[PDB]
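Student: upload_39.txt is reproduced below (compact mmCIF, C-alpha atoms).
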```txt
# COMPACT_ATOMS: atom_id res chain seq x y z
CA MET A 561 41.00 18.09 2.44
CA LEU A 562 39.09 17.87 -0.85
CA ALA A 563 35.54 16.41 -0.85
CA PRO A 564 33.50 15.11 -3.82
CA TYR A 565 31.42 17.55 -5.85
CA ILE A 566 28.92 17.46 -8.70
CA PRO A 567 29.51 19.47 -11.89
CA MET A 568 26.54 21.49 -13.15
CA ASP A 569 25.44 19.03 -15.81
CA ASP A 570 22.27 17.48 -17.20
CA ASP A 571 21.60 13.95 -15.97
CA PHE A 572 21.06 11.32 -18.65
CA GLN A 573 18.63 8.41 -18.94
CA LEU A 574 20.04 4.88 -18.80
CA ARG A 575 19.22 3.04 -22.02
CA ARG B 60 36.06 4.28 12.61
CA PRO B 61 39.38 4.82 10.80
CA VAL B 62 38.97 1.44 9.07
CA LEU B 63 36.14 2.41 6.71
CA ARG B 64 36.95 5.98 5.63
CA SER B 65 37.98 8.02 2.60
CA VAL B 66 41.65 8.94 2.20
CA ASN B 67 42.50 12.58 1.44
CA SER B 68 44.40 11.72 -1.74
CA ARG B 69 43.58 15.02 -3.47
CA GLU B 70 43.85 12.96 -6.65
CA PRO B 71 40.74 13.63 -8.79
CA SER B 72 38.80 10.69 -10.24
CA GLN B 73 35.90 11.12 -12.67
CA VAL B 74 32.93 8.87 -11.83
CA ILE B 75 29.48 8.17 -13.23
CA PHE B 76 26.73 7.05 -10.83
CA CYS B 77 24.28 4.83 -12.77
CA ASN B 78 20.98 4.04 -11.06
CA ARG B 79 19.92 0.65 -12.44
CA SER B 80 17.31 0.04 -9.75
CA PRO B 81 13.67 1.07 -9.40
CA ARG B 82 14.46 3.11 -6.29
CA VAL B 83 15.36 6.77 -5.77
CA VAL B 84 19.05 6.32 -4.84
CA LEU B 85 20.94 8.18 -2.08
CA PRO B 86 24.73 8.21 -2.58
CA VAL B 87 26.49 8.34 0.80
CA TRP B 88 30.08 9.54 1.08
CA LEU B 89 32.20 8.36 4.00
CA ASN B 90 34.25 11.42 4.96
CA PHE B 91 37.82 11.54 6.24
CA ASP B 92 36.59 10.63 9.72
CA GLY B 93 34.46 7.74 8.48
CA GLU B 94 31.22 9.69 9.00
CA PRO B 95 28.46 9.18 6.36
CA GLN B 96 27.54 12.30 4.35
CA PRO B 97 24.55 12.41 1.96
CA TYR B 98 24.83 13.55 -1.67
CA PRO B 99 22.12 14.45 -4.25
CA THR B 100 19.77 11.56 -5.02
CA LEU B 101 19.28 9.85 -8.39
CA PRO B 102 15.88 9.00 -9.91
CA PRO B 103 15.39 5.44 -11.25
CA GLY B 104 17.08 4.79 -14.60
CA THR B 105 19.20 7.94 -14.54
CA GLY B 106 22.96 8.52 -14.52
CA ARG B 107 25.14 11.39 -13.29
CA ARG B 108 28.75 12.56 -13.58
CA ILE B 109 30.57 13.02 -10.28
CA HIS B 110 33.95 14.59 -9.46
CA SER B 111 35.36 12.35 -6.75
CA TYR B 112 38.87 11.30 -5.69
CA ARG B 113 41.07 8.21 -5.65
CA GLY B 114 40.57 6.24 -2.46
CA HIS B 115 37.28 7.79 -1.36
CA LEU B 116 34.54 5.45 -0.11
CA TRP B 117 30.89 5.40 -1.22
CA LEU B 118 27.84 3.30 -0.41
CA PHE B 119 24.25 3.57 -1.68
CA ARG B 120 20.76 3.28 -0.17
CA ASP B 121 17.09 3.83 -0.95
CA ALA B 122 16.71 7.56 -0.19
CA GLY B 123 13.45 7.26 1.72
CA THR B 124 13.85 3.99 3.59
CA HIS B 125 17.63 3.46 3.61
CA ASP B 126 17.08 -0.10 2.31
CA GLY B 127 20.44 -1.50 1.27
CA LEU B 128 21.62 -1.37 -2.34
CA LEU B 129 24.71 -2.71 -4.12
CA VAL B 130 27.22 -0.85 -6.27
CA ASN B 131 29.05 -2.96 -8.87
CA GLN B 132 27.68 -6.04 -7.07
CA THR B 133 29.19 -5.12 -3.72
CA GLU B 134 28.75 -2.91 -0.65
CA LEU B 135 31.37 -0.20 -1.13
CA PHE B 136 32.65 1.76 -4.14
CA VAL B 137 36.21 3.13 -4.26
CA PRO B 138 37.15 5.49 -7.13
CA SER B 139 40.45 4.66 -8.88
CA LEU B 140 42.61 6.81 -11.16
CA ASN B 141 40.99 7.33 -14.58
CA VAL B 142 42.64 5.41 -17.42
CA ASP B 143 42.73 7.15 -20.81
CA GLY B 144 40.39 9.73 -19.29
CA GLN B 145 37.63 7.12 -18.97
CA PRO B 146 35.20 7.74 -16.10
CA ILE B 147 34.73 4.95 -13.56
CA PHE B 148 31.19 3.52 -13.63
CA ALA B 149 29.32 2.87 -10.38
CA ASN B 150 26.36 0.68 -11.37
CA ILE B 151 23.79 0.72 -8.56
CA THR B 152 21.35 -2.19 -8.29
CA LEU B 153 18.88 -3.81 -5.95
CA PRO B 154 20.25 -6.85 -4.14
CA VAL B 155 18.15 -10.04 -4.01
CA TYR B 156 16.30 -9.30 -0.78
CA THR B 157 15.05 -12.29 1.24
CA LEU B 158 11.28 -12.75 0.85
CA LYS B 159 10.90 -11.89 4.52
CA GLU B 160 12.88 -8.63 4.14
CA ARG B 161 10.87 -7.63 1.06
CA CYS B 162 7.55 -8.20 2.88
CA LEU B 163 8.83 -6.10 5.79
CA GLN B 164 9.67 -3.27 3.39
CA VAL B 165 6.16 -3.29 1.96
CA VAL B 166 4.44 -3.42 5.34
CA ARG B 167 6.61 -0.55 6.59
CA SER B 168 5.74 1.54 3.53
CA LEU B 169 2.03 1.16 4.35
CA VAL B 170 1.92 1.30 8.14
CA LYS B 171 2.86 4.06 10.56
CA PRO B 172 5.32 2.77 13.20
CA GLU B 173 2.92 3.60 16.03
CA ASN B 174 0.53 1.12 14.43
CA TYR B 175 2.83 -1.88 13.96
CA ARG B 176 1.53 -3.55 17.13
CA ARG B 177 -2.02 -3.31 15.75
CA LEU B 178 -1.23 -5.86 13.00
CA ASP B 179 -2.58 -9.38 13.45
CA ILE B 180 0.76 -11.11 12.99
CA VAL B 181 2.99 -13.28 15.18
CA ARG B 182 4.66 -11.44 18.08
CA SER B 183 8.25 -11.85 16.83
CA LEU B 184 7.55 -9.97 13.59
CA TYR B 185 6.70 -6.77 15.50
CA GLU B 186 10.37 -6.49 16.46
CA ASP B 187 11.45 -7.19 12.88
CA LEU B 188 9.26 -4.37 11.60
CA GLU B 189 10.78 -2.00 14.17
CA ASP B 190 14.37 -2.97 13.27
CA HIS B 191 14.47 -0.79 10.15
CA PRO B 192 17.60 -0.35 7.97
CA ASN B 193 20.26 1.93 9.44
CA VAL B 194 23.49 3.09 7.78
CA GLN B 195 25.37 3.40 11.08
CA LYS B 196 24.56 -0.20 11.99
CA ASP B 197 25.65 -1.31 8.52
CA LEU B 198 29.03 0.39 8.81
CA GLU B 199 29.62 -1.36 12.14
CA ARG B 200 28.60 -4.69 10.63
CA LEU B 201 30.82 -4.17 7.59
CA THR B 202 33.71 -3.23 9.87
CA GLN B 203 33.41 -6.45 11.88
CA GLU B 204 33.19 -8.54 8.71
CA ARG B 205 36.08 -6.42 7.46
CA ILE B 206 38.38 -7.01 10.42
CA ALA B 207 37.10 -10.47 11.33
CA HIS B 208 38.04 -12.12 8.03
CA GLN B 209 41.82 -12.35 8.32
CA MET C 1 16.25 -15.73 -23.70
CA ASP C 2 14.46 -17.80 -21.05
CA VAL C 3 10.75 -17.39 -20.42
CA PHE C 4 9.29 -18.27 -17.04
CA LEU C 5 5.93 -20.01 -17.01
CA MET C 6 3.05 -21.39 -14.97
CA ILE C 7 1.40 -24.35 -16.78
CA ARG C 8 -2.06 -24.66 -15.27
CA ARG C 9 -4.88 -27.24 -15.41
CA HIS C 10 -7.77 -27.45 -12.90
CA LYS C 11 -6.12 -27.16 -9.45
CA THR C 12 -2.58 -27.93 -10.58
CA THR C 13 0.14 -25.50 -11.65
CA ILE C 14 3.68 -26.25 -12.75
CA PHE C 15 6.37 -23.60 -12.51
CA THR C 16 9.04 -24.03 -15.15
CA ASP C 17 11.28 -22.11 -17.55
CA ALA C 18 12.10 -22.68 -21.21
CA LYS C 19 13.96 -20.94 -24.04
CA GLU C 20 12.07 -18.53 -26.33
CA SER C 21 13.69 -20.68 -29.02
CA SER C 22 12.33 -24.02 -27.75
CA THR C 23 9.14 -25.48 -29.25
CA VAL C 24 5.65 -26.17 -27.94
CA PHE C 25 6.35 -29.87 -28.52
CA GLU C 26 9.42 -29.57 -26.27
CA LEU C 27 7.23 -27.92 -23.61
CA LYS C 28 4.85 -30.88 -23.83
CA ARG C 29 7.84 -33.17 -23.19
CA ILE C 30 8.48 -31.28 -19.97
CA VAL C 31 4.83 -31.73 -18.98
CA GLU C 32 4.97 -35.43 -19.88
CA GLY C 33 7.84 -36.02 -17.49
CA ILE C 34 5.82 -34.44 -14.70
CA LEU C 35 2.21 -35.51 -15.32
CA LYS C 36 2.83 -38.71 -17.32
CA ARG C 37 0.76 -37.94 -20.42
CA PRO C 38 2.38 -37.92 -23.90
CA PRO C 39 2.47 -34.82 -26.14
CA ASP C 40 -0.25 -36.19 -28.40
CA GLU C 41 -2.67 -36.28 -25.46
CA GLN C 42 -1.96 -32.68 -24.40
CA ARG C 43 -3.39 -29.34 -25.53
CA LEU C 44 -1.42 -26.21 -24.52
CA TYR C 45 -2.87 -22.69 -24.66
CA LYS C 46 -1.89 -19.03 -24.51
CA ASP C 47 -5.21 -17.55 -23.38
CA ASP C 48 -7.75 -19.33 -25.64
CA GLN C 49 -5.32 -19.98 -28.51
CA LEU C 50 -4.25 -23.61 -28.97
CA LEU C 51 -0.47 -23.67 -29.46
CA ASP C 52 0.82 -25.64 -32.46
CA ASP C 53 3.42 -28.35 -31.75
CA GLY C 54 5.95 -27.06 -34.26
CA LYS C 55 6.08 -23.37 -33.29
CA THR C 56 8.63 -21.88 -30.88
CA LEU C 57 7.44 -20.24 -27.67
CA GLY C 58 8.64 -16.95 -29.15
CA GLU C 59 6.65 -17.47 -32.35
CA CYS C 60 3.68 -18.13 -30.02
CA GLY C 61 3.96 -14.74 -28.35
CA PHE C 62 5.92 -15.53 -25.20
CA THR C 63 8.78 -13.12 -24.43
CA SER C 64 11.25 -12.94 -21.55
CA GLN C 65 10.17 -9.31 -21.16
CA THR C 66 6.72 -10.40 -19.99
CA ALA C 67 7.22 -14.00 -18.78
CA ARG C 68 9.53 -13.14 -15.90
CA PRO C 69 10.60 -15.12 -12.78
CA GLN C 70 8.54 -12.91 -10.44
CA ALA C 71 5.52 -12.68 -12.78
CA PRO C 72 5.48 -15.85 -14.95
CA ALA C 73 3.22 -16.13 -18.02
CA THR C 74 0.30 -18.58 -17.84
CA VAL C 75 0.09 -21.57 -20.20
CA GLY C 76 -3.27 -23.39 -20.18
CA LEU C 77 -3.30 -27.21 -20.25
CA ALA C 78 -6.05 -29.70 -21.16
CA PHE C 79 -5.85 -33.48 -21.62
CA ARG C 80 -7.37 -35.56 -24.42
CA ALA C 81 -9.99 -38.27 -23.88
CA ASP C 82 -10.81 -41.06 -26.37
CA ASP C 83 -14.52 -40.29 -26.83
CA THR C 84 -15.06 -36.94 -25.09
CA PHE C 85 -13.69 -33.36 -25.14
CA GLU C 86 -12.28 -31.97 -21.86
CA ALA C 87 -12.39 -28.17 -22.27
CA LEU C 88 -9.75 -25.87 -20.80
CA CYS C 89 -10.47 -25.03 -17.16
CA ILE C 90 -8.09 -23.22 -14.81
CA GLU C 91 -9.36 -23.01 -11.22
CA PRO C 92 -8.81 -19.54 -9.66
CA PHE C 93 -6.61 -19.10 -6.59
CA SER C 94 -8.13 -18.00 -3.28
CA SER C 95 -8.69 -14.31 -2.43
CA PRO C 96 -7.12 -12.40 0.49
CA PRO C 97 -9.15 -10.75 3.29
CA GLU C 98 -9.84 -7.02 3.42
CA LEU C 99 -6.78 -4.78 3.71
CA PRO C 100 -6.59 -3.88 7.44
CA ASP C 101 -7.49 -0.27 8.30
CA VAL C 102 -4.00 0.43 9.60
CA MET C 103 -2.60 -0.35 6.15
CA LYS C 104 -5.08 1.80 4.24
CA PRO C 105 -3.99 5.29 3.08
CA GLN C 106 -5.22 7.02 6.24
CA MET D 17 13.73 -33.39 -9.71
CA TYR D 18 10.42 -31.76 -8.73
CA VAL D 19 8.55 -31.23 -5.45
CA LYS D 20 4.77 -30.77 -5.07
CA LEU D 21 3.55 -28.21 -2.50
CA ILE D 22 -0.10 -28.36 -1.36
CA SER D 23 -2.03 -25.28 -0.23
CA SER D 24 -4.95 -24.94 2.18
CA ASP D 25 -7.56 -24.91 -0.57
CA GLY D 26 -6.17 -27.94 -2.37
CA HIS D 27 -4.20 -26.25 -5.13
CA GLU D 28 -1.05 -28.16 -6.09
CA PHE D 29 2.16 -26.31 -7.02
CA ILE D 30 4.93 -28.28 -8.69
CA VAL D 31 8.36 -26.68 -8.69
CA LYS D 32 11.95 -27.79 -9.39
CA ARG D 33 13.57 -29.32 -6.33
CA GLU D 34 16.52 -26.88 -6.43
CA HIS D 35 14.12 -23.92 -6.37
CA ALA D 36 12.16 -25.26 -3.40
CA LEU D 37 15.40 -25.46 -1.41
CA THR D 38 15.37 -21.65 -1.48
CA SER D 39 13.17 -22.24 1.55
CA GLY D 40 15.35 -23.06 4.54
CA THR D 41 12.37 -24.91 6.01
CA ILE D 42 11.97 -27.10 2.93
CA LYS D 43 15.75 -27.56 2.57
CA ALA D 44 16.00 -29.01 6.08
CA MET D 45 12.98 -31.26 5.49
CA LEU D 46 14.47 -32.86 2.38
CA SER D 47 18.10 -32.89 3.59
CA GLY D 48 17.98 -36.51 4.74
CA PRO D 49 19.42 -39.50 2.81
CA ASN D 58 8.25 -35.37 -3.23
CA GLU D 59 4.99 -34.07 -1.79
CA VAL D 60 4.94 -31.52 1.02
CA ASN D 61 1.78 -30.28 2.69
CA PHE D 62 1.48 -26.62 3.65
CA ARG D 63 -2.27 -26.67 4.17
CA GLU D 64 -2.06 -23.62 6.44
CA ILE D 65 -1.03 -21.41 3.49
CA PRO D 66 -3.75 -20.29 1.00
CA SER D 67 -3.16 -20.59 -2.75
CA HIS D 68 -2.99 -16.83 -3.34
CA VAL D 69 0.02 -16.83 -1.02
CA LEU D 70 1.71 -20.13 -1.92
CA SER D 71 1.66 -19.14 -5.58
CA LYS D 72 3.66 -15.95 -4.82
CA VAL D 73 6.08 -17.96 -2.68
CA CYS D 74 6.85 -20.22 -5.66
CA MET D 75 7.40 -17.14 -7.87
CA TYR D 76 9.84 -15.94 -5.21
CA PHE D 77 11.77 -19.24 -5.47
CA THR D 78 12.13 -18.74 -9.24
CA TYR D 79 13.17 -15.09 -8.77
CA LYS D 80 15.74 -15.89 -6.08
CA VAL D 81 17.39 -18.65 -8.14
CA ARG D 82 17.48 -16.61 -11.34
CA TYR D 83 18.82 -13.35 -9.90
CA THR D 84 21.18 -14.70 -7.25
CA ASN D 85 24.78 -14.64 -8.50
CA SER D 86 23.84 -12.40 -11.43
CA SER D 87 25.14 -9.03 -12.57
CA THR D 88 21.95 -8.25 -14.51
CA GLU D 89 19.65 -5.43 -13.51
CA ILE D 90 17.41 -6.90 -10.80
CA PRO D 91 13.69 -5.98 -10.89
CA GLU D 92 11.59 -5.40 -7.78
CA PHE D 93 9.80 -8.48 -6.40
CA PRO D 94 6.15 -7.28 -6.50
CA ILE D 95 3.86 -7.65 -3.49
CA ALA D 96 0.30 -6.31 -3.54
CA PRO D 97 -0.65 -4.56 -0.29
CA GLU D 98 -3.51 -6.97 0.41
CA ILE D 99 -1.35 -10.12 0.47
CA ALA D 100 1.64 -8.57 2.32
CA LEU D 101 0.78 -9.71 5.87
CA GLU D 102 0.01 -13.31 4.91
CA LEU D 103 3.08 -13.47 2.68
CA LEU D 104 5.23 -12.12 5.51
CA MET D 105 3.98 -14.83 7.84
CA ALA D 106 4.67 -17.49 5.20
CA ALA D 107 8.18 -16.14 4.47
CA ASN D 108 8.91 -16.21 8.20
CA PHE D 109 7.54 -19.76 8.47
CA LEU D 110 9.39 -21.00 5.39
CA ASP D 111 12.64 -19.22 6.29
CA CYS D 112 13.23 -17.45 2.97
```
Would you mind writing the file's structure down as structure tokens?
Tutor:
Amino acid sequence: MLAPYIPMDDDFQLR
Amino acid sequence: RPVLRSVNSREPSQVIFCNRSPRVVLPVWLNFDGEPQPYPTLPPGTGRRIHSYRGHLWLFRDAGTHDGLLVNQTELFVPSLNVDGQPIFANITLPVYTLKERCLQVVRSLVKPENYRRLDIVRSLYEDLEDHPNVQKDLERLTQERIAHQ
Amino acid sequence: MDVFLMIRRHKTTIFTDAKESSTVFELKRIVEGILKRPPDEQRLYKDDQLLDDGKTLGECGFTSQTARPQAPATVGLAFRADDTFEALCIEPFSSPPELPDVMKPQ
Amino acid sequence: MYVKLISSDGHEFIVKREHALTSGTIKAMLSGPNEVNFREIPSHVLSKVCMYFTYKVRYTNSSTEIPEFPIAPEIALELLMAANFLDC
């Protein structure tokens, strides 16, 4: 059973 | 409950959580048993790439108060298969809170619970202050609305 | 590109919206329908600046980014008299009591 | 078209009828086949209530980013009592 995960990545500002 | 729950599709779906609210947002994943699981929060005005799966269920709340928030104008977000490799956007926004609910939020943010009864306000509001937002109660509510609408 | 306003005179305030592209004269028409005084008997202000009839609200400095629903921009209003000058006067709202101790950062 | 709400200190607030109906209390009052007195509510509170009517009408049924409705700590209790009273 595969759960969600977050890739090591820089967040970005919403313009 | 088995009604509101993620399905173990094992089919990857690329998603982008976009916080378009002034709150610190807490993404909540409903696991395979319909139990809410917290995920890393998002600061106001920030976005983040997420590796999710087709058929999984997500909801969003204010991280510190659990005040309700909307995702794509509704309560729940369900990732779909990516088309042309395009990530699915999950735009998180504040809902239009009733004036009464908004005042309750502010009072709660300023007063310790053990001091609610010390406020010079009408009796009935004490109970309202104490009835703070709860994800479990929301899921039950959504499930009734869910079932009871057919 | 709507701007949300509060048109105030003495103890009266009108909440209304208008387009950044609409004119001051058109705003006076709105006021005329409510307070029954023609545009040529009205003086509208943004702070202490008298707004010219032919300019748009945008050209006058009003922007949807500041004149929002939950925090409308104030437009001053004064009426003309045939032999005297009224002078812009906006009566202040009341003030709340002291913030209760239980709500203070304690 | 427009309704006039009167506060405790005599200030008069004129708002569009449709906006005033945001208040369940006012909606029921004017539902039958205008000036309304709310002389128990001070102007520093009634003014915010009217701003809430504008906010509610503008952002309801909208997909635009919704801003926070601001409430200063010192008017929160009185505003809460008015919101409860006005049903909005």
Student: What is the CA of residue 147 (chain B)-CA of residue 130 (chain B) distance in Å, reported with one decimal?
Tutor: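 We find that CA of residue 147 (chain B) and CA of residue 130 (chain B) lie 12.0 Å from each other.
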Student: Find the residues near residue 150 (chain B): any atom within 12 Å, counting only C-alpha atoms, skip ones fewer than 6 places away on the same chain, and give them as a ChimeraX atom specification.
Tutor: /A:574 /B:74-80,84,86,101,103-107,118-119,128-136 /D:87-90
Student: From the list D:24, D:67, D:84, D:41, which residue is nearest chain B when using only C-alpha atoms?
Tutor: D:84
Student: Kindly determine which residues of chain C lie within 6 Å of chain D, considering only C-alpha atoms, and give the answer as a list in words.
Tutor: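 The answer, sorted by residue number, is residues 11, 12, 13, 14, 15, 69, 70, 93, 94 and 99 of chain C.
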Student: If you count only C-alpha atoms, which residues fall within 8 Å of residue 38 (chain C), apart from same-chain ones fewer than 6 positions away, as a CSV table (one decimal) with C-alpha atoms, in the coordinates of the input?
Tutor:
```
chain,number,residue,atom,x,y,z
C,28,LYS,CA,4.8,-30.9,-23.8
C,29,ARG,CA,7.8,-33.2,-23.2
C,32,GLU,CA,5.0,-35.4,-19.9
```
Student: Near chain B, which residues of chain A fall within 7 Å when you count only C-alpha atoms, and what do they look like as a list in words?
Tutor: residues 561, 562, 564, 565, 566, 567, 571, 572, 573 and 574 of chain A
Student: Residues of chain C within 10 Å of chain B, counting only C-alpha atoms, what are they? List them as an NGL selection string.
Tutor: :C and (100-106)
Student: For chain B against chain D, which residues fall within 6 Å using all atoms listed in the file, given as a PyMOL selection string?
Tutor: chain B and resi 153+157-159+162
Student: Would you mind reading off the distance between CA of residue 19 (chain C) and CA of residue 154 (chain B), one decimal, in Å?
Tutor: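 Going from CA of residue 19 (chain C) over to CA of residue 154 (chain B) covers 25.2 Å.
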Student: What is the distance between CA of residue 51 (chain C) and CA of residue 68 (chain C), in Å to one decimal?
Tutor: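 CA of residue 68 (chain C) lies 19.9 Å from CA of residue 51 (chain C).
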Student: Tell me which protein, DNA and RNA residues are within 9 Å of residue 21 (chain C), counting only C-alpha atoms, leaving out same-chain ones fewer than 3 positions away, and put them as a ChimeraX atom specification.
Tutor: /C:1-2,18,56-59
Student: Please return region 561-574 of chain A, rebuilt to N, CA and C atoms, as a PDB file, in the frame of the given file.
Tutor:
```
ATOM      1  N   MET A 561      41.718  19.384   2.659  1.00  0.00           N
ATOM      2  CA  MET A 561      41.000  18.090   2.440  1.00  0.00           C
ATOM      3  C   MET A 561      39.870  18.286   1.428  1.00  0.00           C
ATOM      4  N   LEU A 562      40.052  17.729   0.233  1.00  0.00           N
ATOM      5  CA  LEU A 562      39.090  17.870  -0.850  1.00  0.00           C
ATOM      6  C   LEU A 562      37.963  16.826  -0.887  1.00  0.00           C
ATOM      7  N   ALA A 563      36.717  17.297  -0.828  1.00  0.00           N
ATOM      8  CA  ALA A 563      35.540  16.410  -0.850  1.00  0.00           C
ATOM      9  C   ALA A 563      34.944  16.307  -2.255  1.00  0.00           C
ATOM     10  N   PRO A 564      34.110  15.272  -2.500  1.00  0.00           N
ATOM     11  CA  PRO A 564      33.500  15.110  -3.820  1.00  0.00           C
ATOM     12  C   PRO A 564      32.540  16.250  -4.151  1.00  0.00           C
ATOM     13  N   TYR A 565      32.343  16.507  -5.438  1.00  0.00           N
ATOM     14  CA  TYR A 565      31.420  17.550  -5.850  1.00  0.00           C
ATOM     15  C   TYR A 565      30.809  17.196  -7.205  1.00  0.00           C
ATOM     16  N   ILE A 566      29.638  17.755  -7.477  1.00  0.00           N
ATOM     17  CA  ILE A 566      28.920  17.460  -8.700  1.00  0.00           C
ATOM     18  C   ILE A 566      28.916  18.622  -9.679  1.00  0.00           C
ATOM     19  N   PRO A 567      29.471  18.410 -10.878  1.00  0.00           N
ATOM     20  CA  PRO A 567      29.510  19.470 -11.890  1.00  0.00           C
ATOM     21  C   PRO A 567      28.106  19.810 -12.386  1.00  0.00           C
ATOM     22  N   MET A 568      27.846  21.090 -12.640  1.00  0.00           N
ATOM     23  CA  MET A 568      26.540  21.490 -13.150  1.00  0.00           C
ATOM     24  C   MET A 568      26.442  20.799 -14.505  1.00  0.00           C
ATOM     25  N   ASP A 569      25.594  19.783 -14.579  1.00  0.00           N
ATOM     26  CA  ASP A 569      25.440  19.030 -15.810  1.00  0.00           C
ATOM     27  C   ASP A 569      24.079  18.355 -15.831  1.00  0.00           C
ATOM     28  N   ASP A 570      23.560  18.134 -17.033  1.00  0.00           N
ATOM     29  CA  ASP A 570      22.270  17.480 -17.200  1.00  0.00           C
ATOM     30  C   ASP A 570      22.420  15.974 -17.035  1.00  0.00           C
ATOM     31  N   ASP A 571      21.576  15.392 -16.190  1.00  0.00           N
ATOM     32  CA  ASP A 571      21.600  13.950 -15.970  1.00  0.00           C
ATOM     33  C   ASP A 571      21.151  13.309 -17.278  1.00  0.00           C
ATOM     34  N   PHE A 572      21.453  12.027 -17.442  1.00  0.00           N
ATOM     35  CA  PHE A 572      21.060  11.320 -18.650  1.00  0.00           C
ATOM     36  C   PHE A 572      20.339  10.021 -18.302  1.00  0.00           C
ATOM     37  N   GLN A 573      19.400   9.628 -19.157  1.00  0.00           N
ATOM     38  CA  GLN A 573      18.630   8.410 -18.940  1.00  0.00           C
ATOM     39  C   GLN A 573      19.450   7.186 -19.317  1.00  0.00           C
ATOM     40  N   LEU A 574      19.313   6.120 -18.536  1.00  0.00           N
ATOM     41  CA  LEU A 574      20.040   4.880 -18.800  1.00  0.00           C
ATOM     42  C   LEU A 574      19.254   4.067 -19.820  1.00  0.00           C
TER      43      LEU A 574
END
```
